[PDB]
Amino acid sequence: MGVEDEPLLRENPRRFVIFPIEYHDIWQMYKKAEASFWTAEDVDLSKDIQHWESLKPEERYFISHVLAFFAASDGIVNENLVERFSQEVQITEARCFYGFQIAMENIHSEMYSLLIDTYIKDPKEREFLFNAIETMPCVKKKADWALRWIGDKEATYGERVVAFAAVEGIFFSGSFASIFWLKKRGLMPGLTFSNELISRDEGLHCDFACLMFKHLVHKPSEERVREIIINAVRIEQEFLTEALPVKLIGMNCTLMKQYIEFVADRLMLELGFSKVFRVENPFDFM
């Protein structure tokens, strides 16, 4: 107390000793992550260019901006893992998971950057996209929100792990759904396949957060979690209807907003709480 009460956070003089395994549930999530290892080199982009060039200009605009958003957001997720989560959490099984997640986020960032470099040849446009945190007001709201949680010296691990589940689970959900929308339309095989890998990885990353949450003795209140989650949904709904509207690829904004809320409900439930919005999933492809 405050921390010596928490098995996840209290002193572990065996932290760097791997065996024997004591947290089998945490360990199997690490093994699952490890078994699904992939690299950017595994994704075949050799046919994407033609698909890309036949798209409408606003579809290229929407896609390049989603890609720049993802590449930037990964670095912030990664920053949080490197400076905070992988440091403060003391159980070996979670250290292994977070170590592997960092490696996977670097793979995700590389993948998104290779996609950008494959589709966009103009060095000026590349740089504008790589520096999205500074150049794109739309991503600003999300980037700064996630970044505040890293700098917050007061928020408990229980709060901050919820916040990053919202980052990986809510802030990403609209963009993931957008790319799945394009798969329904049979466009860019490289993009849509990499998208399946990455959204799978992200879902596992969120599931892990919920597992860590469950193992906490002192959890934040349902009310506190509600307001982090609701807040995140609002930022996400705004990003997708105002900052970078999904109409640009032919999607119904209203249904998108509904999906974001369905996602947050599923996360609230996976966190041991009650639904906030009580809406259905409008997308049968998700």
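One-based numbering along the sequence shown.
Here the stretch with the larger average CA B-factor, out of 131-139 and 98-106, is 131-139. Stretch comparison (107-115 versus 141-149) by mean CA B-factor in the PDB entry places 141-149 on top. Looking only at 33, 243, 67, 43, the residue with the top Cα B factor in the deposited structure is 243. As recorded in the PDB entry, 186 shows the highest C-alpha B-factor of the residues 203, 190, 186, 174. When all modelled residues of the chain are sorted by CA temperature factor, residue 235 is found within the middle third.
When all modelled residues of the chain are sorted by CA temperature factor, residue 161 is found within the middle third. For residue 260, the recorded CA B-factor ranks within the middle third of the chain. Only modelled residues enter the ranking. Residue-level temperature factors show residue 196 in the lowest third of its chain, judged at the C-alpha atom.
Per the deposited record, the Cα B-factor of residue 120 falls in the middle third when ranked against the other modelled residues of its chain.
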